[PDB]
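Let me begin by presenting the structure, written as structure tokens, before commenting on it.
Here is the naming used below: chain letters follow the sequence lines, and residue numbers restart at 1 for every chain. All ligand and atom numbering here is 1-based and tracks the order in the structure.
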Amino acid sequence: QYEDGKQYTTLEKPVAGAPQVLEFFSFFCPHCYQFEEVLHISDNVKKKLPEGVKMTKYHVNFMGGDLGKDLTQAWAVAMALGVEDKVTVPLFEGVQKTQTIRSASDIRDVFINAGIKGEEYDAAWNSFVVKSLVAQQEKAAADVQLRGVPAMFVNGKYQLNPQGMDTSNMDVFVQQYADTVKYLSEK
Amino acid sequence: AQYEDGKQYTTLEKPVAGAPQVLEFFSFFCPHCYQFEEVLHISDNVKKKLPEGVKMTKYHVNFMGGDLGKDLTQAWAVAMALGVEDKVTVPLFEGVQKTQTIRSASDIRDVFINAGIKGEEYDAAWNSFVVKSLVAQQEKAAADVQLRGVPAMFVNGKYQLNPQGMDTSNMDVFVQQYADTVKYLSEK
Ligand SMILES: Cc1nc(-c2ccc(C(F)(F)F)cc2)sc1C(=O)N[C@@H](Cc1ccc(O)cc1)C(=O)O
Ligand code: NA
């Protein structure tokens with residue numbers, strides 16, 4: 001029983017050439033921590049979607065002050081090096097659980113400890129490839145008039161509405177969320 | 001340590017009458033709350049340094065958890081009603097955050113049963129007026145201190161701990177600084 005306003009909302013001005021599935025998060029975002037560590041939303045959405053569908057995940061600037069911008073640049077590094085899955089957990093825990101991530105250096109340490117060579121990290125950090133990925137993340141958020149995280153957009157036309165879903169059972173919530181993404185992608 | 005308003009603690013503009021002597025707020029969904037309790041043992045270390053007669057109170061809140069969050073607050077009310085907080089705190093934190101075995105109210109109940117509380121006793125407590133009242137008490141206390149987030153601790157409804165705020169460069173030092181601050185405030 002899908003209804004606009006319930007499981008999802010519809011953007012007023014759809015974004016052209018938008019990614020099929022686009023997620024925004026912040027490492028400072030508490031629901032984003034839950035979505036990644038506890039619920040594994042991205043993994044479960046991926047499992048429910050066809051192989052052909054591309055999922056994109058971008059970091060945002062508007063949580064966490066100066067460190068917030070640094071983390072967006074760090075996420076650009078992770079995308080450029082293809083090590084998202086190596087650093088997502090220690091970045092989330094470093095920010096929200098242990099609160100040991102306080103500076104860019106602390107972010108660098110996380111990449112080092114996750115097996116990324118220091119020289120490779122620094123080269124990426126300062127690269128124009130990464131500068132462009134930072135620009136891409138910012139523009140994407142601006143295109144959908146992003147006001148908060150977590151957020152997921154389907155074909156630049158629909159936005160998921162987790163608030164409209166059932167939150168008594170974690171796996172029911174995940175099922176309803178993932179099923180909504182599939183429904184919207186086939187729309 | 002040299003204590004100053006605004007440093008190790010802040011002072012509520014609207015103090016709360018009849019508040020518990022030492023009141024801690026947490027959520028089982030809250031990862032820094034997991035850090036506080038399961039890793040740092042803040043509650044326990046504060047209690048060790050508390051003066052004789054001063055009891056600790058700990059309430060559950062629901063900023064992140066939706067309906068399941070409400071179930072957790074009611075289950076925490078049951079833990080308080082039964083006096084089994086020290087038996088279920090660990091498996092609730094680990095079950096929600098680490099093993100991800102706690103996904104519904106039924107899984108919460110299973111934790112109490114595995115910790116030695118009979119199912120019929122858990123259910124009796126769950127549906128009791130005592131637990132209904134305790135749920136309301138936890139909410140009201142959070143409202144009274146204008147709670148913004150967790151973890152948080154309040155002393156005599158007048159002072160709010162400010163860990164920000166403290167030497168969080170060494171976890172052992174942080175814990176003693178935090179516990180010493182609670183002792184100081186309780187003595188004022
Ligand atoms: C993004 C988000 N995700 C949530 C969620 C997801 C899963 C689960 C479960 F445990 F079941 F897995 C619980 C909550 S609330 C939530 C969220 O946006 N929460 C709001 C408050 C709110 C909560 C429930 C409503 O029906 C309406 C408003 C806030 O934090 O201010
Ligand atoms: Na605190």
Side-chain angles (χ1 to χ4, degrees), chain A residues 5-9 23-26 28-42 44-45 63 99 146-152 159-162 164-178 180, chain B residues 8-10 12 22-30 32-33 35-37 40-43 45-46 56 58-59 61-73 75 92 95-97 100-108 142 145 147 149-155 159-163 165-166 174-175 177-182 185:
Chain A
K6 191 174 173 186
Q7 302 89 345
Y8 70 97
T9 57
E23 285 185 285
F24 296 92
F25 78 109
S26 170
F28 277 93
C29 159
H31 281 300
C32 302
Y33 187 107
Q34 296 296 320
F35 275 28
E36 164 68 36
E37 286 217 4
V38 187
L39 299 175
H40 307 293
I41 287 295
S42 300
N44 281 279
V45 170
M63 309 201 58
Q99 302 186 339
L146 189 68
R147 289 314 186 256
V149 285
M152 189 192 283
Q159 175 172 3
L160 276 282
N161 186 38
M165 306 175 175
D166 302 329
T167 57
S168 56
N169 175 295
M170 294 189 184
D171 301 296
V172 173
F173 173 85
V174 165
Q175 166 270 310
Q176 289 185 358
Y177 194 105
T180 297
Chain B
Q8 299 92 345
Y9 65 93
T10 55
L12 299 178
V22 180
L23 177 55
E24 183 179 351
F25 290 95
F26 79 109
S27 158
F28 284 109
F29 275 104
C30 158
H32 199 46
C33 304
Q35 181 75 357
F36 258 38
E37 175 60 26
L40 298 181
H41 308 289
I42 287 291
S43 297
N45 276 278
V46 166
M56 293 202 59
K58 178 139 55 159
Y59 289 164
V61 305
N62 192 25
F63 290 110
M64 286 299 110
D67 268 343
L68 180 57
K70 287 201 177 77
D71 284 326
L72 283 163
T73 296
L92 288 172
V96 175
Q97 295 198 33
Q100 288 134 54
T101 50
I102 300 181
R103 316 292 277 186
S104 71
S106 186
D107 297 324
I108 298 170
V145 299
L147 190 68
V150 287
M153 196 175 297
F154 298 83
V155 177
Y159 307 109
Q160 184 172 346
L161 270 289
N162 186 30
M166 296 174 182
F174 170 74
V175 168
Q177 182 165 2
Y178 194 105
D180 286 344
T181 301
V182 178
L185 288 173

[X]: numbered ligand 1 atoms lying under 4.0 Å from its heavy atoms:
X	answer
B/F63	30 (O)
B/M64	14 (C)
B/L68	10 (F)
A/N169	11 (F)

For ligand 1 and A/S168, I'd like to know whether there is a polar contact (N/O to N/O, distance under 3.5 Å).
no
Run down the list A/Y177, B/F29, A/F173 and name the one with the heavy atom closest to atom 7 (C) of ligand 1.
A/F173
Out of A/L160, B/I102, A/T167, the nearest non-hydrogen contact to atom 8 (C) of ligand 1 is supplied by A/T167
Please report the shortest heavy-atom distance between A/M165 and A/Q7, naming the atom on each side.
CE-O, 3.4 Å
Could you tell me which non-hydrogen atom of B/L68 sits nearest to which non-hydrogen atom of A/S168, and how far apart they are?
CB-O, 3.5 Å
Check ring pair (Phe, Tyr, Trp, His ring centres under 6.0 Å) between B/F25 and all other residues, then give those that pass, not counting sequence neighbours.
B/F154
Do A/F35 and A/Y33 have ring centroids that are under 6.0 Å from one another?
no
Would you kindly specify which portion of A/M170 sits under 4.0 Å from ligand 1, judged on non-hydrogen atoms: side chain, backbone, both or neither?
both
With side chains defined as the heavy atoms from C-beta onward, is the minimum distance between B/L23 and B/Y59 less than 4.5 Å?
yes
So is A/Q34 close enough to ligand 1, meaning a heavy atom under 4.0 angstrom away?
no
Taking atom types as modelled, is there a side-chain donor on A/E36 or A/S42 under 3.5 Å from an acceptor on the other?
no
By side chain to side chain donor-acceptor pair (under 3.5 Å), B/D67 pairs with (sequence neighbours left out) none
May I ask you to check if any N/O/S atom from B/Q160 comes under 3.0 Å of the Na ion (ligand 2)?
no
